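Visitor: Would you mind keeping the following structure in view while I ask a few things?
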Amino acid sequence: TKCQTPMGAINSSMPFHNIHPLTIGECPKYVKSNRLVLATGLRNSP
Amino acid sequence: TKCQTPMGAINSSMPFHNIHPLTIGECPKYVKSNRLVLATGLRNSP
Amino acid sequence: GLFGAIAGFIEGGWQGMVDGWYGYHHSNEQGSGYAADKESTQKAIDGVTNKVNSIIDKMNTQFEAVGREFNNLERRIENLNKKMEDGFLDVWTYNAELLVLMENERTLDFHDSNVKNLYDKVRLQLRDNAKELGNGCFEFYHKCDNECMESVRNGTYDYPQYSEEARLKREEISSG
Amino acid sequence: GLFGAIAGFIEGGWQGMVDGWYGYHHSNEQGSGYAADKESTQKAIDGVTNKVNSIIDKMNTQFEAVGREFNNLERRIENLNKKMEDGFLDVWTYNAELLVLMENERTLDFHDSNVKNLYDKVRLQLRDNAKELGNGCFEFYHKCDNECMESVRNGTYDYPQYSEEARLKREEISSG
Amino acid sequence: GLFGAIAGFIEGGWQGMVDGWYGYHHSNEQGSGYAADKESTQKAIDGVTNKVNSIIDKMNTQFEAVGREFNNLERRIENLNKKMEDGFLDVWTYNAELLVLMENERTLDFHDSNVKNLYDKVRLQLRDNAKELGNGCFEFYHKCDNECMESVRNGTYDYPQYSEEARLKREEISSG
Amino acid sequence: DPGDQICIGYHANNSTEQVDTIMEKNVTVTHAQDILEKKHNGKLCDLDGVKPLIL
Amino acid sequence: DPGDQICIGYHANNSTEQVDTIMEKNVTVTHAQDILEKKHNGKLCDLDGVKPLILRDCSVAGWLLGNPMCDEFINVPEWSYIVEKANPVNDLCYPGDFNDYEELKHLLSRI
Amino acid sequence: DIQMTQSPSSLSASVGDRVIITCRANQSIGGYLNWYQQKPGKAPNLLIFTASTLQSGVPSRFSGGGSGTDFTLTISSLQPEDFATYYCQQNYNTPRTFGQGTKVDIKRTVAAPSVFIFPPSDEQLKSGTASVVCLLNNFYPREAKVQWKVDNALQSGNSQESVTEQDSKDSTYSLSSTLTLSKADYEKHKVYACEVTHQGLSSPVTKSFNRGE
Amino acid sequence: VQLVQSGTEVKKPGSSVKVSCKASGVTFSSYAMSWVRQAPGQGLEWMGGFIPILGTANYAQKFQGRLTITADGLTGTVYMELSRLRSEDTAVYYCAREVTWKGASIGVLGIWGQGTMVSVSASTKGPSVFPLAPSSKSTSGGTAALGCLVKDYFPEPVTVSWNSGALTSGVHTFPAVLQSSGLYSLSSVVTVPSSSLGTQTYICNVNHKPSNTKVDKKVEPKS
Ligand SMILES: *[C@@H]1O[C@H](CO)[C@@H](O[C@@H]2O[C@H](CO)[C@@H](O)[C@H](O)[C@H]2NC(C)=O)[C@H](O)[C@H]1NC(C)=O
Ligand SMILES: *[C@@H]1O[C@H](CO)[C@@H](O[C@@H]2O[C@H](CO)[C@@H](O)[C@H](O)[C@H]2NC(C)=O)[C@H](O)[C@H]1NC(C)=O
Ligand SMILES: *[C@@H]1O[C@H](CO)[C@@H](O)[C@H](O)[C@H]1NC(C)=O
Ligand SMILES: *[C@@H]1O[C@H](CO)[C@@H](O)[C@H](O)[C@H]1NC(C)=O
Ligand SMILES: *[C@@H]1O[C@H](CO)[C@@H](O)[C@H](O)[C@H]1NC(C)=O
Ligand SMILES: *[C@@H]1O[C@H](CO)[C@@H](O)[C@H](O)[C@H]1NC(C)=O
């Protein structure tokens, strides 16, 4: 793996992760969030 | 000079500077930016 | 929306348009069909792309926690280290969530502005050569073929060309 | 922009208007020339000035890094001191950069709104007494001298005064 | 504001409307009175309430300062502890003030947008059946009773029903 | 006679991805993009091929 | 016949100044204002008319203890700030340790 | 799709000249055009995007303009660094289309080629193959017409040409046409000829050889 | 930032090639990418693209069903996968970032890679050097034309030197040509004086490292 945490590795393919603050390697920046979604399209009509 | 850094004096009528984090005297605030420009006018037509 | 186009006077979107975020649906004697607009689509995709590259790149200096260990007689500094690490993590978590929430609101309003601007772009082109139906459509006071439809879409519609034909139709309708 | 006025239905700015940000260009039998607006410019100037002060002054009470020294057997706290000082420097740099980028977008759209609102201020004053050309210009249906021009620019245009003359011209154009 | 409705072409607000943030004033043969859209007010109230909730407890864990004591020969760490706690307090104070300042700007512009959206909602429903007076009021070309007023207020105005009657009046006014 | 028409509209699809704003929660958008990772393999792998020292 | 006309426009100066936004970079604007200083004179100057204490090849310990190579600093005048090299050659001519040396230097930052 | 056609296909100029390259299309692309410069053995470098705006680092001598279907890339003062191939690309339609390619070439006096023919070697004539090589040496301009004739009969498809790039000293080219036949086809004919039609040749120079020599 | 691609690939017919396009640094990027191929000595050809903010990959007609443009999330890394490879797929494959000094630019390729060369043939084959002897039946004063014919080799490249690097004047080593078989063939002629036909011997050194084929053919004034 390229990023390792005390609970397991992570595919370092996203800017953020919320697994564990103590990381070694090419790791995403750590946040305590449970969800982080960027709206890129427009408001979808039901 | 009015403000001194381990690399040189900064006069800096500007509120921010990026020469060195350690300063003494009446000194502006230190940031790590390479550029900080505030738009005040409007979009200049070519 | 802030600008009142998305879910506003244009009550619903178009499932039939799959090749672009914004576009036109025309209806004339030669038929009907969806078609996407290039100008707003190009600007939006680059605009949203730059917004993503701004939220996602301006975090490389985020606080990277480092494991430090202290003995039983260093509880003060160990507690100081713990509160220092948690504080920075909380600061960046607040920074990350708030930036996403605000930029999500601006992104939806950005799309709303693009639709309204595109509608006003068509509106100011036809002027009184068509009738504003109020539902996101312009009812031409003259014949508008496929070439006429495309001329509207790329900012070339010649108002004087069809002005006289539209004037005759307008006077017929007004007279009763 | 968001409101579609700057670089929108008004395709370009005027190099001939140097004494203001927003203004008018008239053209009647007595000549032509530029004339800047007053209310919009002062409020815009006051708005940006207040905005610049906020970014400049509210960003005070930052982190003032203070040099601290540690010996060979104090590496843990020395690393702690370095990570703490660097972390605050990263946080305020992020805050300073984000503020400028977001405010510049709002500043640019704030000017866009002022142009659009000024255009609608003229549009709603003239109503049908003039014709919306669609490029930021209005064509009067009645004679408008320099005194008439000044009434529109300062919000005191008299619609009923020229209403009868404008109605006579509207019926003539519609009749061909 | 940004959208130019509040303190814009609608010069002032109304003290007679107490049951809602936005609404209408009608004046017909049966009398005059105030009312509310009942939609924009609900959407705004929920949107404003959500914003206020999203600011109140979004900090999650704003830095809670903890008192720590250091002896005479621990001045370096003591100054380090003082700088750390003061640094976090300033960061969160900046976040609190800036969030309130920026969301206050959006909230007022949000109210401005709703008024203009409501104004467009009535302008697009009537189309040519009324005359836009340029100060937030519309003068009908046909008779509009109380039930007709309620149709406009709740988005169910029947344009073709009064279209013929309005066309007769528009013809009379334009003819003189 | 009903004349020819041109209409202005925006995209719509069958996406169910949702986002949150300041004034509104659970807004469905045509295109969204997660930026957060929430999965781990539960192991202790090599770091770029170098085997860790597991005491 | 073409009648009288009035137009609404905006300013357009001759400035090549550029700024950045969230959704766009390098936007040319009519008026901008830098708020960042990036130039320094490269010297060490007096702090409001007070000359700093520049230790040169001597260290703080050698200055205080009276290293014979530091005769320049036997009686220093009032200073504004102390300048010390990272590793001065003249620190402890006789090898040894300076107890609580870092704590003393912290006190010296207020003298 | 939107086919993009460039004009000219290969021009020749010298330092200080004004170079104009016109790129067309079979549909109006509304100012969505870009210009690229490719130097030999290097990745293309962007010069102009949106048909007018210069990319960072591009000298002011490079200029662009146009709208709709006709476009123009202009170099005011050609320097000894702009000699390369220039491509025009559209960014209007999803199937992105490139231009054919215009190669600005150093101008010099016309030089006639030095035609040489080469019968196949006997070592190669031992494994059922026979290659005949015609060499055109140090000519200008690049355009040339090498026609292979076997027993006074024109050939086609059985040839393959390879041209060099302009020499840094004489600024001339060199072409090599290779006729590949099997032993069976080579030994059933006697006269093998190579006809070269070049600007510097008043008449098509023909160098021939016979099988026994 | 810079774009880095994979190394040169020598593939066998009908196989698949995956070429990576990474950026330099730990930075995360959502810029739209484009893959453009260029046949040897031919023009540029757009193969496809990938817009990360849209989550979609656009392909060309002649590549649809054979091409797969993916990305490693937001790391700035994109991949291309061409299947059912043929000799006509031999080209230099480029990846370009759609970005300008104005930021994201969905149409214009601002930052390019270095290119990845792909070669397709059944197996590696050493060259066959055959002398281009000077048939001095004419052009006596017109110096003298002689050279070597390097025929039926794969893959590229082959280095052709003359007289162990001594004879370098007039050496015209032509670029290779992709024959119908899928092998390459190149000729390296050199113009030397006719009077020097006897005194100075002329030998060409041909080296094909991908096959350990080293040839020193002496081009005598053969009959
Ligand atoms: C909007 O208000 C009108 C008026 O209240 C509603 O419709 C009419 O209501 C009157 C009496 O209240 C009835 O006599 C009519 O038969 C009703 N129908 C119509 C078509 O006028 C109308 O329903 C309201 N809006 C909605 C969406 O229901
Ligand atoms: C905005 O434009 C400026 C000037 O054109 C760019 O600054 C330089 O751009 C060149 C070419 O891209 C680089 O080689 C330099 O390193 C840049 N200097 C600095 C200080 O950035 C700038 O990059 C542009 N902004 C972008 C591309 O986002
Ligand atoms: C990485 O992605 C794969 C998808 O093949 C997934 O199975 C795996 O769980 C991911 N990594 C981690 C650490 O979860
Ligand atoms: C301010 O400092 C800079 C950097 O030393 C210098 O170039 C500039 O001249 C100074 N300003 C004045 C007014 O001297
Ligand atoms: C342009 O040329 C291409 C290729 O010949 C063709 O497929 C396409 O239909 C043409 N487009 C137009 C508008 O003529
Ligand atoms: C706009 O459309 C017209 C009609 O299709 C076409 O002739 C023209 O080239 C297009 N582009 C421009 C820039 O006018």
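Chains as they are written, first to last, in this note's numbering: chain A, 1 to 46; chain B, 1001 to 1046; chain C, 2001 to 2176; chain D, 3001 to 3176; chain E, 4001 to 4176; chain F, 5001 to 5055; chain G, 6001 to 6111; chain H, 7001 to 7213; chain I, 8001 to 8223.
Idealized CB from N, CA, C, for every residue including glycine.
Between which two residues does the beta strand (DSSP E) containing residue 8152/I stretch?
Guide: 8145-8153
Visitor: So, does the CB of residue 2158/C fall closer than 7 Å to a CB anywhere in chain E?
Guide: no
Visitor: Let me check one thing: in DSSP terms, what residues is residue 7208/H bridge-paired to?
Guide: 7193/H
Visitor: Tell me the residue span of the alpha helix (DSSP H) that contains residue 2044/C.
Guide: Its alpha helix (DSSP H) spans residues 2038-2057.
Visitor: Could you work out which residue in 3115/D, 3145/D, 3126/D, 3098/D is closest to residue 6004/G when comparing CA atoms only?
Guide: 3145/D
Visitor: Residue 7122/H to residue 8187/I, Cα distance in whole Å?
Guide: 17 Å
Visitor: Does residue 4060/E come out as helix, strand or coil in the three-state DSSP assignment?
Guide: coil
Visitor: What residue range is occupied by the uninterrupted alpha helix (DSSP H) comprising residue 2121/C?
Guide: 2075-2126
Visitor: For residue 7001/H and residue 7093/H, I'd like the C-alpha separation in whole angstroms.
Guide: 7 Å
Visitor: For residue 7102/H and residue 2105/C, what's the separation of their Cα atoms in angstroms?
Guide: 48 Å
Visitor: On a Cα-Cα basis, can you pick out the residue from 4076/E, 4031/E, 4112/E that is closest to residue 4012/E?
Guide: 4112/E
Visitor: Taking residue 5030/F as the reference, which of 5054/F, 5012/F, 5019/F has the closest Cα?
Guide: 5012/F
Visitor: Hey, could you find the ends of the beta strand (DSSP E) residue 2131/C is sitting in?
Guide: 2130-2132
Visitor: Do you know offhand how far residue 7040/H's Cα is from residue 2018/C's?
Guide: The alpha-carbon atoms of residue 7040/H and residue 2018/C are separated by roughly 41 Å.
Visitor: So, at 8 Å on beta carbons, what are the nonlocal neighbours of residue 4132/E in its own chain, with the 5 sequence-adjacent residues on each side left out?
Guide: 4123, 4138
Visitor: For residue 4073/E and chain G, any beta-carbon pair shorter than 7 Å?
Guide: yes
Visitor: Should residue 4252/E be flagged as near chain F, meaning a C-beta pair shorter than 7 Å?
Guide: The requested residue 4252/E is not part of the displayed model; chain E covers only 4001 to 4176.
Visitor: Check the Cβ-Cβ distances between residue 7104/H and every residue of chain I, and say whether any is below 7 Å.
Guide: no
Visitor: My guess is that residue 8045/I and residue 8118/I are in contact by the Cβ rule of under 8 Å, so how many angstroms apart are they, rounded?
Guide: The pair is not a contact, with the Cβ atoms about 13 Å apart (cut-off 8 Å).
Visitor: From this set, 5020/F, 5034/F, 5002/F, which residue's C-alpha is nearest residue 17/A's C-alpha?
Guide: Nearest C-alpha to residue 17/A among 5020/F, 5034/F, 5002/F: 5034/F.
Visitor: Is the CB-CB distance between residue 8116/I and residue 8019/I below 7 Å?
Guide: yes
Visitor: Mind listing the chain A neighbours of residue 8028/I? Cutoff is C-beta to C-beta under 7 Å, in chain order.
Guide: Within chain A, the residues 15 have their CB atoms less than 7 Å from the CB of residue 8028/I, given in chain order.
Visitor: Give me, in chain order, the residues of the same chain whose beta-carbon lies closer than 8 Å to that of residue 4032/E; leave out the 5 immediate sequence neighbours on both sides.
Guide: 4025, 4026
Visitor: Using a Cβ-Cβ cutoff of less than 6 Å, which residues in the same chain neighbour residue 7045/H once the five nearest sequence positions on both sides are dropped?
Guide: 7037
Visitor: By how many angstroms is the C-alpha of residue 8026/I removed from the C-alpha of residue 2063/C?
Guide: 15 Å
Visitor: Less than 6 Å between C-beta atoms, sequence neighbours within five positions excluded: which residues of the same chain meet that for residue 8129/I?
Guide: 8148, 8150, 8206, 8215, 8217
Visitor: Using beta-carbon positions only, say whether residue 8146/I and residue 8134/I come within less than 7 Å of one another.
Guide: Yes.
Visitor: Given 6 Å as the limit, tell me if residue 6109/G has its C-beta closer than that to any heavy atom belonging to ligand 8.
Guide: With respect to ligand 8, the structure shown offers nothing to examine, as its ligands consist of ligand 1, ligand 2, ligand 3, ligand 4, ligand 5 and ligand 6.
Visitor: Leaving out five residues on either side along the sequence, give the residues of the same chain with a beta carbon under 6 Å from the beta carbon of residue 8121/I.
Guide: 8154, 8182
Visitor: Against residue 3066/D, what residues of chain C qualify as contacts under a CB-to-CB distance less than 9 Å, listed in chain order?
Guide: Per Cβ cutoff of 9 Å: no residues; residue 3066/D is ~16 Å from chain C at best.
Visitor: Quick one: what does DSSP say residue 8097/I is sitting in, helix, strand or coil?
Guide: strand
Visitor: Taking the continuous alpha helix (DSSP H) assigned at residue 4160/E, which residues delimit it?
Guide: Residue 4160/E -> alpha helix (DSSP H) spans 4159-4175.
Visitor: Could you tell me whether the Cβ of residue 3076/D comes closer than 7 Å to any Cβ of chain E?
Guide: no
Visitor: Please list the terminal residues of the continuous alpha helix (DSSP H) segment that includes residue 7070/H.
Guide: Where residue 7070/H is concerned, there is no enclosing alpha helix (DSSP H), although the beta strand (DSSP E) it sits in stretches over 7070-7075.
Visitor: Looking at chain I, which residues of the stretch 7041-7075 of chain H have a Cβ within less than 7 Å of any of its Cβ atoms?
Guide: 7043, 7044, 7046, 7049, 7055, 7056
Visitor: Between 7144/H, 7077/H, 7060/H, 7100/H, which lies nearest to residue 7194/H when the distance is taken from Cα to Cα?
Guide: 7144/H
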